[PDB]
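Coming up is one lone chain in structure tokens, specifically the form deposited without ligand TYM.
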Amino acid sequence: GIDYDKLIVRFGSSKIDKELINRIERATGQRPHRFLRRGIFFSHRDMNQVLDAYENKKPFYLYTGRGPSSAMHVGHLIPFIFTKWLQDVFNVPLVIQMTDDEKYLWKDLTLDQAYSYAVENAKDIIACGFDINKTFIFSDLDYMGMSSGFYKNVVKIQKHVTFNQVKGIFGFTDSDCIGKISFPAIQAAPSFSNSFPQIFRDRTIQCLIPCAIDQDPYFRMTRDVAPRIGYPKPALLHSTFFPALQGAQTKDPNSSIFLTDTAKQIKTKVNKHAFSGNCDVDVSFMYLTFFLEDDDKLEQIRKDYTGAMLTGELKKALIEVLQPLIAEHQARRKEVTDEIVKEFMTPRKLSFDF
């Protein structure tokens, strides 16, 4: 139905970016061997844009968002796994925003629930393996009251964005609460460095937002307001993978695969559901391509197996990567103490190494 033989060939078609691998090798004495399939997880020129700055010693930090929902599922972990990888490759500061206030505003939660879901989620985020010395994780509700810059930038962004603009970007009506309407300024503020006195304490510092789609409402607004307050707009890591992943996972969710699920619960959920505008882009296939580290394993399945029979090893392949991935994650998350969470959420100076 969805035609996976095409999707495996289309994945194979684009060769690995050896010239970029070399350019990474020069800037940092490192052999990257993942996410280098050409154009997929990032665009060749946007990486060259980053590499320029890293080679020219222009400081930049990574920024990534989060929505604290009561558990995580595998798709939500993907952005962070990639972001860690970037972070290791360039040894760059990372700011992670827990939009707990956002979840309270949009959803049926107590403040305290939304705050508790952020703190708990941070354990899953921390369990992806982020370096503490390059990583600040913060909750909007807590950080707003312990920052001499963050609210000031929120107020600046708020002055230079109208209802009309957010109405046209986010589709807010007049029935919507005033929290929702002014929130986009909160999501935009981390893209500017002086929002964090304790973390950066410095004059300009760019921002880089990986896993980021060009038609994202929050990204579009931040872009638009940035020059109006004389700040540099955040750099965006354009990719085919991420826009398609959002464009796939839009399709109803009841037994989506959770990070709490047992090895059996994984195996059940995959067989009963997985592998069965329209590019014909199955979410289960994109999970395989992201999680597979064996480069030649998809084309190995393709050549051997012939649909119906093909799906069999396609389901079996996803189990073999998801089973150890969730199990290890449970192991790691169990040793992320509340103390370690507070350590990560403590404001403190991050440095630019090269």
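Sequential numbering from 1, following the sequence displayed. Basically, rigid core = biggest C-alpha set you can superpose within 1.5 Å across the two forms.
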{"item": "Chain break class at residue 251/residue 252 - deposited residues not modelled", "value": "4 to 9"}
{"item": "Unmodelled stretch of the deposited sequence separating residue 262 from residue 263, binned as none, 1 to 3, 4 to 9 or 10 or more", "value": "none"}
{"item": "Entry-level comparison of average CA B-factors, 323 to 331 and 37 to 45, reporting the higher stretch", "value": "37 to 45"}
{"item": "Between the two ranges 104 to 112 and 234 to 242, the one averaging a larger CA B factor in the entry", "value": "234 to 242"}
{"item": "Maximum C-alpha temperature factor, selected from 203, 156, 123, 76", "value": "203"}
{"item": "Third of the chain, ranked by Cα B-factor, where residue 215 sits", "value": "highest"}
{"item": "Cα B factor band for residue 197 (lowest, middle or highest third within the chain)", "value": "middle"}
{"item": "Third of the chain, ranked by Cα B-factor, where residue 87 sits", "value": "lowest"}
{"item": "Ranked C-alpha temperature factor of residue 280 among modelled chain residues, by third", "value": "highest"}
{"item": "Entry-reported Cα temperature factor of residue 273, expressed as the chain third it lands in", "value": "highest"}
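From this point on, the text means the form deposited with ligand TYM bound, which you will not see here.
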{"property": "Which of 267 to 275, 150 to 158, 220 to 228, 71 to 79 sits within 4.5 Å of ligand TYM in the entry with it bound, heavy atom basis", "result": "71 to 79"}
{"property": "Proximity to ligand TYM in the entry with it bound, single hit among 187, 193, 135, 139 (heavy atom within 4.5 Å)", "result": "187"}
{"property": "Partner-contacting position among 67, 307, 32, 59 - heavy atom within 4.5 Å of ligand TYM in the entry with it bound", "result": "67"}
{"property": "Heavy atom of each of 103, 212 and 215 within 4.5 Å of ligand TYM in the entry with it bound", "result": "yes"}
{"property": "Partner proximity in the entry with it bound: residue 63 to ligand TYM, non-hydrogen atom cutoff 4.5 Å", "result": "yes"}
{"property": "Proximity of residue 240 to ligand TYM in the entry with it bound, heavy atoms at 4.5 Å", "result": "yes"}
{"property": "Partner contact for residue 97 in the entry with it bound: ligand TYM, 4.5 angstroms, heavy atom", "result": "yes"}
{"property": "Residue 201 within 4.5 Å of ligand TYM in the entry with it bound, heavy atoms", "result": "no"}
{"property": "Rigid core superposition between the shown form and the other one: residue from 238, 123, 267, 84 with Cα shift of 2 Å or more", "result": "238"}
{"property": "CA of residue 14, rigid core aligned, shift of 2 Å or more between the shown form and the other one", "result": "yes"}
{"property": "Core superposition between the shown form and the other one, C-alpha change of residue 158 at least 2 Å", "result": "no"}
{"property": "Threshold 2 Å Cα movement between the shown form and the other one for residue 282, core superposed", "result": "yes"}
{"property": "In the entry with it bound, shift in Cα separation for residue 225 relative to residue 49, 3 Å or more", "result": "closer"}
{"property": "Cα separation of residue 50 and residue 232 in the entry with it bound versus here, shift of 3 Å or more", "result": "closer"}
